[PDB]
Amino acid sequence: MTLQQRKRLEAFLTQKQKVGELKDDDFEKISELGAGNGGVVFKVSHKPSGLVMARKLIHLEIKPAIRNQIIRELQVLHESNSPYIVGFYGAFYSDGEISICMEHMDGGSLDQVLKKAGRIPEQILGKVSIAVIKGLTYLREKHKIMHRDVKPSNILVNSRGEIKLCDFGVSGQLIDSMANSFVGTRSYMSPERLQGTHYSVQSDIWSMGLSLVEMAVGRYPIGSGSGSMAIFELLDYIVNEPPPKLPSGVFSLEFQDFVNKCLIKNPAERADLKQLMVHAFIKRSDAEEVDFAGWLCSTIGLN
């Protein structure tokens, strides 16, 4: 960490300790923040402390006997102490749905930023790459299994110039399984399928590479039609055809090679985290003095 980084993490932890127990009645809804794959996310105000939080709701029935362990598990699963993972305030349950309260990122997600930005400049994506790598490094240490992908909608930013990942250690699907595990977990997936589900960090690197190309050109780089047929044809194209690449003559050689090494089809030849962190693009980006906060505030009109 660095001085300002640890300090901000310390400050957040102080705020977390001051909040205490989280109950639904203590929240006032301000605005909807975004629409998720598993439930909507709202900007809320925690009245007793006056803290602005992001409140994610997950529709699920949790029985009273099951409830206490589920919550206690959720508290643990969200315990992050990284400057690159979105802060976590607490989780609770009321009336057939679960609330996950986290640090409000007033810059929104990068898919939202991308929409207003059109496309995101290479030097900005340099800072994004560094944060994602360090975020993935921290997550892989804490969890053996990831449950969420690297994608623009999962990269949150703010006016302090911070770039963070959502906690990949938890998903709405996992929580469902946890609730089911008290009745009796039944998996009918073959060993080879389960091995595929427990993907290595090489899959995260692929996702980062594809996301970087998407954000650099302002569009998901592999086009597809609508309907079931077009969906299958897209996935088959990803599996069996050459990966997408940046439009030639636009971006630096370093950034070009960086995303190409992330998108190599063979995961054994695909670059790993160590190789990426010392890549020419990363070393150049780390040296660059980039005003991310300034660009962000000008782009989405933060101030």
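Numbering starts at 1 and runs along the sequence shown.
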Report task. Could you check which stretch, 73-81 or 227-235, carries the larger mean CA temperature factor in the entry? Result -> 73-81
**Report entry** Residue range whose averaged C-alpha B-factor is higher in the record, 185-193 or 167-175
**Finding:** 167-175
Report summary line: Per the deposited B-factor column, the C-alpha that peaks among 29, 261, 55, 245 belongs to 29
Query raised in the report: Out of 126, 96, 87, 152, which one has a C-alpha B factor higher than all the others in the entry?
Result: 96
Query raised in the report: Lowest, middle or highest third: where is residue 270 by Cα B-factor in its chain?
Result: middle
Report task. Give the position of residue 240 by CA B-factor within its chain, expressed as the lowest, middle or highest third. Result -> lowest
Query raised in the report: For residue 147, does the deposited CA B-factor place it in the lowest, middle or highest third of the chain?
Result: middle
Report summary line: For residue 141, the third of its chain by CA B-factor is the highest
